[PDB]
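Read through the structure below, which is laid out as structure tokens, and then see the notes.
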Amino acid sequence: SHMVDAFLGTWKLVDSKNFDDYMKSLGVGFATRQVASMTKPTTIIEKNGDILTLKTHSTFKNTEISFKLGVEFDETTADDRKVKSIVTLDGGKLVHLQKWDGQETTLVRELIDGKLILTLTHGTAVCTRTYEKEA
Ligand SMILES: Cc1nc2ccc(Cl)cc2c(-c2ccccc2)c1C(=O)O
Ligand SMILES: Cc1nc2ccc(Cl)cc2c(-c2ccccc2)c1C(=O)O
Ligand SMILES: Cc1nc2ccc(Cl)cc2c(-c2ccccc2)c1C(=O)O
């Protein structure tokens with residue numbers, strides 16, 4: 001859509017809250033958390049007609065997903081969960097839902113003041129990750 005166009009580009013992490021707690025909630029062990037916490041990853045968001053691609057680049061792990069809005073797709077996460085995923089658009093918010101093993105976690109991205117804010121939720125664990133556009 002025209003709402004999606006605003007997310008397009010290269011984004012760099014400049015701040016983080018509760019990410020270690022989030023990973024813990026998912027079951028990521030201390031050793032891996034220490035490593036993933038330390039990194040300051042870059043996320044590339046691109047569009048190719050109907051297909052959105054989302055790339056994360058970092059020393060900890062590189063991941064890439066492509067998908068169409070509203071169409072369920074399989075995903076292997078950075079922490080190696082095999083999940084059923086679906087990305088929707090609620091107004092300004094790009095809402096990513098992952099299901100697996102009777103569990104659910106949401107990854108919401110919205111634009112606020114030219115910054116991309118990613119909110120990762122799993123149960124009581126709520127993580128806020130702030131990105132600045134590189135352009
Ligand atoms: C994050 C953490 N770190 C710990 C380190 C050491 C020990 Cl012994 C326990 C914990 C626990 C914990 C888990 C179940 C019952 C009670 C505590 C937790 C927790 O996630 O709740
Ligand atoms: C190092 C350690 N020691 C523990 C001792 C006891 C219990 Cl119950 C839990 C832990 C945990 C833990 C593992 C996953 C999620 C949450 C906590 C850890 C940790 O890997 O971070
Ligand atoms: C969205 C997401 N979900 C995750 C869930 C669990 C773990 Cl362990 C890592 C991630 C990561 C990630 C964080 C740092 C470097 C690389 C990837 C990301 C990501 O920002 O791309």
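Residue numbers start at 1 and run along the sequence shown. Counting convention: from 1, in listed order, for ligands and their atoms alike. Computed from heavy atoms alone, side chains included, the values below leave out hydrogens, waters and symmetry copies.
When the heavy-atom distances from atom 15 (C) of ligand 3 to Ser58, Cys127, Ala78 are ranked, the shortest goes to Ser58. The closest non-hydrogen atom to atom 14 (C) of ligand 2, taken over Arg33, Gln34, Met23, comes from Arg33.
Residue contacts with ligand 2: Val28 is placed with no nitrogen or oxygen under 3.5 Å of a nitrogen or oxygen of the ligand (distance criterion only). Residue-to-ligand polar distances keep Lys61 apart from ligand 3: every N/O pair is separated by 3.5 Å or more.
For the 3.5 Å distance criterion, the side chains of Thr43 and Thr56 qualify, holding a donor opposite an acceptor. For the residue pair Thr105 / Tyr22, a side-chain donor-acceptor distance below 3.5 Å is found, with atom types taken as modelled. Side-chain polar atoms of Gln103 and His122 form a donor-acceptor pair below 3.5 angstrom. In the model, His96 has a side-chain atom that pairs as donor or acceptor with a side-chain atom of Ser85 under 3.5 Å. A donor-acceptor contact closer than 3.5 angstrom links the side chains of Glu75 and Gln98. Side-chain N/O atoms of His57 and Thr42 include no donor and acceptor closer than 3.5 Å.
Annotation for ligand 3: atoms under 4.0 Å from non-hydrogen atoms of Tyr131 are 20 (O). Residue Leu107 has at least one heavy-atom neighbour below 4.0 Å for each of these atoms of ligand 3: 1 (C). Listed by number with element, the atoms of ligand 3 under 4.0 Å from a non-hydrogen atom of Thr39 are 14 (C), 15 (C). Short contacts between ligand 1 and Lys24, defined as distances under 4.0 Å to a heavy atom of the residue, involve ligand atoms 1 (C), 2 (C). Short contacts between ligand 3 and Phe60, defined as distances under 4.0 Å to a heavy atom of the residue, involve ligand atoms 15 (C), 16 (C). Close approach of ligand 2 to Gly29 is summarised as follows: ligand atoms under 4.0 Å from at least one heavy atom of the residue are 20 (O). Atom numbering of ligand 3 starts at 1 in the shown order; those under 4.0 Å from a heavy atom of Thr56 are 16 (C), 17 (C), 19 (C), 21 (O).
At a distance under 4.0 Å, a protein heavy atom can be found next to atom 19 (C) of ligand 2. Note that atom 11 (C) of ligand 2 has no protein non-hydrogen atoms nearby, at separations under 4.0 angstrom. Within 4.0 Å of atom 8 (Cl) of ligand 2, not a single protein heavy atom is present. Under the 4.0 Å distance rule, the nearest protein heavy atom to atom 3 (N) of ligand 2 falls outside the cut-off.
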In sequence, state the C-alpha distance, the side-chain angles, and the governing distance for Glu104 and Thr106, and then conclude on side chain to side chain contact (heavy atoms under 4.5 Å, CB included).
-> CA-CA 7 Å; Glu104 283 180 35; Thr106 55; 5.9 Å; no
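Given atom 13 (C) of ligand 3, the protein heavy atom at minimum distance is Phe19 CZ, 3.8 Å. The nearest protein atom to atom 1 (C) of ligand 2, hydrogens excluded, is given as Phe30 CB, 4.0 Å; this is a heavy-atom distance. Protein heavy atom at the shortest distance from atom 6 (C) of ligand 3 is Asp79 OD1, 3.5 Å.
Contact annotation: for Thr32 versus ligand 3, there are no heavy atoms closer than 4.0 Å.
Judged by the shortest distance from any of its heavy atoms, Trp11 lies outside the 4.0 Å radius around the atoms of ligand 3.
For the pair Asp15 and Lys115, the salt-bridge criterion is not met [side-chain N within less than 4.0 Å of a carboxylate O].
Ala125 and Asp21 make their closest contact through CB-O, 4.2 Å (heavy atoms, listed as atom of the first residue, atom of the second, distance).
Without hydrogens or angle criteria, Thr77 side chain to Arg81 main chain gives a donor-acceptor distance under 3.5 Å.
Cation-pi contact between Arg129 and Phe19: present, with separation from the ring centre below 6.0 Å and deviation from the ring axis of at most 45°.
Interatomic distance, OG1 of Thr119 versus CG of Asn18, reported as 11.5 Å (0.5 Å rounding).
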